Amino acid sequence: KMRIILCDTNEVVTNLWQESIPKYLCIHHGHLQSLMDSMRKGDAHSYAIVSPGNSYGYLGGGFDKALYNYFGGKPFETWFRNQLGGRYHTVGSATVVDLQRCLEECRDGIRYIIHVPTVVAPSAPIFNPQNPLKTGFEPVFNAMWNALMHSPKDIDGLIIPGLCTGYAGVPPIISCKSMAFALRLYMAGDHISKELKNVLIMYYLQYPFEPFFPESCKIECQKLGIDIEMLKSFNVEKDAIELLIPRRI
């Protein structure tokens, strides 16, 4: 019942989202303030917002700078980093910060910030055209998966920006595809077993390893209309994610 709210100032990103995403989903072109201003005319709700910044919790750059300004600036950033323990958080981790404490500064119905670091520090882009998978498709998928897996069950909606497309340098076409795959897996719900979802992620990320593909899952693929041969050779740079998750599901 959770609503997914995709928000980005780059029309390139928002257009791609519209084209890739099969109400349950909202796409907003503009800044965070713009999104909050438009949701107010209908907020007459609890939300979590994804902060895909750095390993230290500093809030600068693109989307995070917006959160920085929206929640109170420097004093807020200081409070935020302290909630994160003021220490180094590895890329691939996720930490939920409860803003409820503000009531004890508070701002709208946004109660949680899900900290999902995508870079140690923004000293350079993370993307490298030499290996799009390892530095593009994978990091964006992981950040999206983490955001979804750590989203508090009590929220009405999850606000997410165009992951790693800022200083990080991941091309929007790449970022949006991984974000779409993570969302398709999520929206599939229980229609796909937890184990088959594990297998789909494995092949999507190009880590083909048969021993981790149980017979029960092959049986499920046939039942679901998922072509096992195309799955085993899935190439994210050439194949449609629809092959992995038929819209029928």
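From 1 onward, residues are counted along the sequence shown.
Per the record, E104 and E105 are separated by 4 to 9 deposited residues that are missing from the model.
Taking only CA atoms, the mean B-factor in the PDB entry is higher for 59-67 than for the other of 59-67 and 209-217. Remark: stretch with higher mean C-alpha B factor among 160-168 and 73-81 is 160-168. Listed residues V199, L185, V50, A44 were ranked by CA B-factor as deposited; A44 comes out on top. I110: CA B factor in the highest third of modelled residues in this chain (values from the PDB entry). Ranked by C-alpha B-factor against the other modelled residues of its chain, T135 falls in the lowest third. Ranked by Cα temperature factor within the chain, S38 sits in the highest third according to the deposited record. Annotation for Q100: C-alpha temperature factor in the highest third relative to the rest of the modelled chain, per the entry.
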